[PDB]
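Asker: Show me the folded form of this:
(chains A and B)
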Amino acid sequence: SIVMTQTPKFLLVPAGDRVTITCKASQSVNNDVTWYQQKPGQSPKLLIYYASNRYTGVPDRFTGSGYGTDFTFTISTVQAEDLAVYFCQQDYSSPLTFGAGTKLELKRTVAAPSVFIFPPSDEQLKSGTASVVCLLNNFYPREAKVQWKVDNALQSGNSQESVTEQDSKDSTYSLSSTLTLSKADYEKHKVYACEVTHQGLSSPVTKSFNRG
Amino acid sequence: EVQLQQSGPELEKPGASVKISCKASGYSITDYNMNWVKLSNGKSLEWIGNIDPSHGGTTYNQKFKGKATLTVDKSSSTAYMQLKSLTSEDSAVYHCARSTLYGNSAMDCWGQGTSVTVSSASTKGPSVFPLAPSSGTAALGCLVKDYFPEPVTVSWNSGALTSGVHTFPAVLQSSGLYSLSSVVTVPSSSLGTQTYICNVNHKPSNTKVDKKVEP
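Answerer: Numbers count the residues shown, from 1 in each chain, chains lettered A, B, ... in the order given. See the structure here:
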């Protein structure tokens, strides 16, 4: 099949910057190139067709160009809402094939997380397990270190975390970490703490509670 | 007013089959081609094939011949894709999307996607626990624990609350079960005067839970 080679794989720019993405077809595909945008949690949307035509309703900051093998897609001034994977498609001949995508990331100013801790609910405690949740909200950049401590003892192997995609309005991330203990173990300790290290903080922030 | 409405998520055992539907409204399905595409976690989008809904002709990507069968029920304006002989390689999100009948295949309207998980593990519905706000912005949430397969949906206040919501990617526990949290930040002043309820749906287990999150 025809291979579409899309570069770069990732772009990181502040709002207002221009970007150009490239797709190179492995053979001539004339003008049979389409560009789509896929925002987090949404299906792809059509932006450009026949290489250079904007689809109805698409903002004029989006353009495309090319004929033959070398195709580009340009955002003249990137906006926060443009956080998305952009991908090209050829339909010169079957099968339709797609580039591997370019993830457009928004650079914004450093923002320290707001840190919140949640004890297990009494509802969960009835069931025999205890989940403690630490939330790091609306921070930038994405890198962050979360350490769980129970009665000042560092925990390992009993927590999991995940991070949202960048927010489409403020360009921040959030992170949720869950410490999972048996109810019996939870009820043998007092102080539950999550300690957060992040480039927006001058020293680590610890949020804690005393069981009971 | 054009919409493509796909059937819900499905858990299937290896070796089984699944038939995904894609109902067209706001236009006549026979006026446009219908395409199907696959997206596996951490892979590139792949085109499965197309169908002319008016007269039924099909083109398949050779990679999917013997795996996918495309049909249309004109009377109900519904396109179908049957996936046969399922393996873990078929776990993915599948979309239908329309394009012109006689021209280019720029896909201008897409269905919402259908998640298919192929696994021998049994379905399990989640438990939903409050993340209660406590000691001018407050955070609260719901913990959606121990379900299989993905996905779940979470809304707040029946969709009336969207600002400040963060629903996190699920994590897979050693038990083979997923867990996720959904949080929202709100004005502290609202905790005694605004109700906060998370609405959780895990369609594969027919689980629907509304949980009030009390300060």
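
Asker: Work out which residue lies at the spatial centre of chain A.
Answerer: Nearest to the mean C-alpha position of chain A, by CA atoms, centre = their mean, lies residue A:165 at 2.4 Å.

Asker: How about that one, nearest residue that isn't a chain neighbour?
Answerer: Distance criterion CB to CB, 6 or more residues apart in numbering or on different chains; nearest residue to residue A:165, sequence neighbours excluded, is residue A:40 at 3.9 Å. Every C-beta, even on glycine, is put in place using the N, C-alpha and C of the backbone.

Asker: quick one, phi psi at the one you found?
Answerer: With angles defined as degrees, to the nearest 10, residue A:40 sits at phi -50, psi 130.

Asker: Let me see the domain layout of chain B.
Answerer: Chain B breaks down by automatic domain parsing into domains covering B:3-118, B:127-212.

Asker: Export those domains as TSV, with columns for distance to residue A:173 and mean neighbour count.
Answerer: Shown next, in TSV, are those (distance: least, CB to CB, whole Å; neighbours: other CB atoms under 10 Å in any protein chain shown):
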stretch	distance to residue A:173	mean neighbour count
domain B:3-118	20	18
domain B:127-212	9	18
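
Asker: Need those domains in JSON lines (columns: distance to residue A:177).
Answerer: Listed next are the domains of chain B as JSON lines, based on distance: least, CB to CB, whole Å:
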{"stretch": "domain B:3-118", "distance to residue A:177": "22"}
{"stretch": "domain B:127-212", "distance to residue A:177": "9"}
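
Asker: do you know which of these lies nearest residue A:136?
Answerer: Set against residue A:136 and scored by CB to CB, the domains of chain B come closest in domain B:127-212, at 10.4 Å.

Asker: Just checking that closest one against chain A, any contact.
Answerer: Yes. Judged by CB under 8 Å from any CB of the partner chain, domain B:127-212 comes into contact with chain A at B:127, B:129-132, B:134, B:137, B:139, B:141, B:143, B:145, B:166-171, B:173, B:179-181, B:183, B:185.

Asker: Report the separation between residue A:4 and residue A:52.
Answerer: Note on residue A:4: its distance to residue A:52, by CB to CB, to the nearest Å, is 16 Å.

Asker: Comparing the two, which shows the higher neighbour count?
Answerer: Using other CB atoms under 10 Å in any protein chain shown as the criterion, residue A:4 and residue A:52 rank with residue A:4 on top: 23 against 17.

Asker: if we can go back for a sec, so which of the residues of domain B:127-212 next to chain A belong to strands?
Answerer: Residues from the residues of domain B:127-212 next to chain A lying in strands, with DSSP state E as the criterion: B:127, B:129-131, B:137, B:139, B:141, B:143, B:145, B:166-167, B:171, B:179-181, B:183, B:185.

Asker: mind giving me the domain split of chain A?
Answerer: According to automatic domain parsing, the ranges for chain A are A:4-107, A:114-210.

Asker: Residue B:200 is nearest to which of those domains?
Answerer: Residue B:200 sits nearest to domain A:114-210 of all the domains of chain A, at 13.9 Å, using CB to CB.

Asker: Quick one: end-to-end length of that closest one, please.
Answerer: 20 Å (CA to CA, to the nearest Å).

Asker: again, but for stretch A:179-193
Answerer: OK, stretch A:179-193 end separation, CA to CA: 10 Å.

Asker: which one is residue A:6 nearest to, not counting chain neighbours?
Answerer: Closest residue to residue A:6 apart from its sequence neighbours, by CB to CB, 6+ apart: residue A:99 at 3.1 Å.
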